[PDB]
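Residue 29 in the deposited numbering is what sits at position 29 of the sequence shown, and the numbering runs on without skipping anything.
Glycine included, every Cβ here is placed at the ideal spot set by N, Cα and C.
Below: one structure, written as structure tokens.
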Amino acid sequence: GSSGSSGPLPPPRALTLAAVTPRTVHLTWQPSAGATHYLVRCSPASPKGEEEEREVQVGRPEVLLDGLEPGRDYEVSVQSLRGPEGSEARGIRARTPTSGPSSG
């Protein structure tokens with residue numbers, strides 16, 4: 001629990017998947033105390049791919065990556081940015097099902 005003081009910058013720990021879509025991925029975490037924004041780094045869990053990792057900044061602890069592939073693992077690391085320095089790196093293991101015809 002949070003003793004109840006404004007000083008340290010605790011990173012996101014309450015990382016949970018709000019919804020699992022084979023076309024998009026939605027995530028939601030707990031807000032940080034002090035930070036003004038969060039850095040979202042979307043990187044592929046597999047070494048296969050040309051396009052490098054994506055880096056965007058969101059104002060809310062909830063981010064949705066539109067345009068994805070079914071049955072593909074992703075790596076999203078969230079960080080509580082306040083200004084000069086941010087919080088520790090805390091990401092979750094993305095995952096999406098497979099739509100269409102299922103051949104065994």
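Beta-carbon proximity of residue i to residue j, cut-off 9 Å
i	j	result
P31	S87	no
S99	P70	yes
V78	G91	yes
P97	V20	yes
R82	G34	yes
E62	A18	yes
Anticipated Cβ contact below 8 Å, residue i with residue j, distance rounded
i	j	result
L39	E55	7 Å
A45	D73	4 Å
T16	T28	6 Å
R23	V76	Going by Cβ atoms, the distance from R23 to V76 rounds to 16 Å, so no, they are not a contact pair.
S80	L9	6 Å
Residues bridged to residue i (per DSSP)
i	result
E75	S43 and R93
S80	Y38
Element boundaries [beta strand (DSSP E), containing residue i]
i	result
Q57	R54 to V58
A18	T16 to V20
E62	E62 to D66
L9	Counting along the chain, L9 falls outside any beta strand (DSSP E), and DSSP gives it neither H nor E.
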